[PDB]
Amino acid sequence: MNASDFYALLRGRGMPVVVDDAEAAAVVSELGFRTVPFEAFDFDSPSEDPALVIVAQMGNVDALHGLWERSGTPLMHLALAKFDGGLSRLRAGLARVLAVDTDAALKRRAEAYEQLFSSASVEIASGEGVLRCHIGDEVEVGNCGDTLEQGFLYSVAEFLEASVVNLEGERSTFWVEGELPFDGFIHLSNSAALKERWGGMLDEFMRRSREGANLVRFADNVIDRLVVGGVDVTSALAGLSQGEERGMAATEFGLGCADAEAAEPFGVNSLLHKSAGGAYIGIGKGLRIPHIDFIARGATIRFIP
């Protein structure tokens, strides 16, 4: 089945919503959905009927990932626990998911991937800055399709963005250089340990980013300057990044393909922040460095053949 039909069934309350928290379940029930506890949903039996999985407790993220290639149901998920599991993020996140024009987003995403596959480089203009993303001959993408294949899981945000990833190597697909003034950032952690080591500092950066004057600069694919709230914080980030994963190397670049209806303000850690236009550049893998995306919501994009 198609992503477009999935989003249509979701807006029509035509599928169950699997939830791992009773308070979140009550919020989802108030929006008109049938809710099923996470431990109670039959993920095994083959089924053509889809479901949305909302994961608000970090303790269930390993179980969510374990559904990969095992689930009998077409699924998307909203893994709030990896970002910020609070109820306000659930309410706002669901408002955004139910408001976005997903058909237009899927068309823009298709066109963007074809551009990313046919370009030597991409220029991202944000204020006075220009970030250049040089794309290689073999382009790695997390997901360029429009369908939900059996056993695969997808974040609800996946079909609203077009992204290329340095999956195999530090620059197996692209490398970046230049400056990106940005509106805000988000950060994804796949474990409680990681979120505890990094969250205090990143939430402080998040707080300070609301005062604008945010800039990330890349040299030879690696951050060499980070400014948040007009304050250089490069050494803070480098201190925790030291010796982990690929340090401050760019791991992902992408374009937000959706409208901005009910989009949330920067300064909260919403997994939907990349989708509402512009472009973003990311570091980390979410394993020993959070996957951090610096987002320029109003950036303009030029593809170079």
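Sequential numbering from 1, following the sequence displayed.
The PDB entry reports B-factors from which the mean C-alpha value can be compared for 134-142 and 169-177; the larger average falls on 134-142.
Averaged over their C-alpha atoms, the temperature factors of 233-241 and 52-60 are higher for 233-241.
The residue among 157, 148, 94, 112 whose C-alpha carries the highest B-factor in the deposited model is 148. Take 83, 185, 117, 198 and read off each C-alpha B-factor from the entry; 117 has the highest. Among all modelled residues in its chain, residue 161 ranks in the middle third by Cα B-factor. Among the modelled residues of its chain, residue 210 has a C-alpha B-factor that falls in the highest third according to the deposited record. In the deposited entry, the Cα temperature factor of residue 46 places it in the highest third of its chain's modelled residues.
Ranked by Cα temperature factor within the chain, residue 224 sits in the lowest third according to the deposited record.
Compared with the other modelled residues of the chain, the Cα B-factor recorded for residue 25 ranks in the highest third.
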